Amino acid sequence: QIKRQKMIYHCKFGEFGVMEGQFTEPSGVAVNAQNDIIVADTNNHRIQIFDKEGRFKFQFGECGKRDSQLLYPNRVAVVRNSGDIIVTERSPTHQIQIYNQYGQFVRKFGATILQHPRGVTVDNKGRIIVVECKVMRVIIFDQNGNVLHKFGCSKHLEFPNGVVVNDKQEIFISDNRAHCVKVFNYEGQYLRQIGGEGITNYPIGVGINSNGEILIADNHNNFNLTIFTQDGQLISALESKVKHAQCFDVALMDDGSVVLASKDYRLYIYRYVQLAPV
């Protein structure tokens, strides 16, 4: 029922492979303060960092369980102020790893606590928030590995696959099978719903931009971006001109863009802002 603004990507990079700028599986994507694009390249067991234009800068990590090694890294997040890179690993490892902006290993934790990490983010106080699929848990860490909060949401979540937070201790979780974003507080109380069936079907990720606006991305037919206020009011809706392979994850860039990681081993950058027409 919504007439969506058409959009095309202005940037595309990546391909299959093990060399620099190549992926085996780009399961996770994140963006730092300088709009560098950080990608979890799972089956290469490494993290790759690109600039905002998709040029390879550097990589870190290799297959293993030792320090400075990764085993199936799937999601990434950035500590804004320090530029530290938060990495989650999939089961059987299911733990958090922290690397600094130079790709040096800092620490790892949460291995005995996490089961199926599926989304990760960091609030303005540096607390690390992980959402887990299947078991439907949310776990909040500090950067040294202490558990600050923990709660289940198996009552409200069917398939959680993305998470962000505002500065009011509200957690926005995209739910693939509920066709919407679910909002919680740090205590674990369900607050409200953003989007829903018919406008945000099968969401694959969620973002919060510098305006505090909530972006919900999905690939239900074309690639769609639906933008809301935190109270749930729709303010913008976009749709891609071409169809995309399965989408793993999305991240926001300060220029008003979404970085899209897809199963065709490529990343796409869509602009969701435009000039005001005369």
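From 1 onward, residues are counted along the sequence shown.
Between the stretches 157 to 165 and 70 to 78, it is 157 to 165 that shows the larger average CA temperature factor. Stretches 103 to 111 and 134 to 142 differ in mean CA B factor, with 134 to 142 having the higher one.
Within the selection 207, 152, 203, 119, the deposited Cα B-factor values reach their highest point at 152. Comparing C-alpha B-factors across 52, 241, 244, 45 in the deposited entry, the largest value falls on 241. Among all modelled residues in its chain, residue 36 ranks in the lowest third by Cα B-factor. In this PDB entry, residue 226 carries a Cα temperature factor that places it within the middle third of its chain's modelled residues. When the modelled residues of the chain are ordered by their C-alpha B factor, residue 271 lands in the lowest third. Split the chain's modelled residues into thirds by C-alpha temperature factor. Residue 128 is in the middle one. Annotation for residue 59: C-alpha temperature factor in the lowest third relative to the rest of the modelled chain, per the entry.
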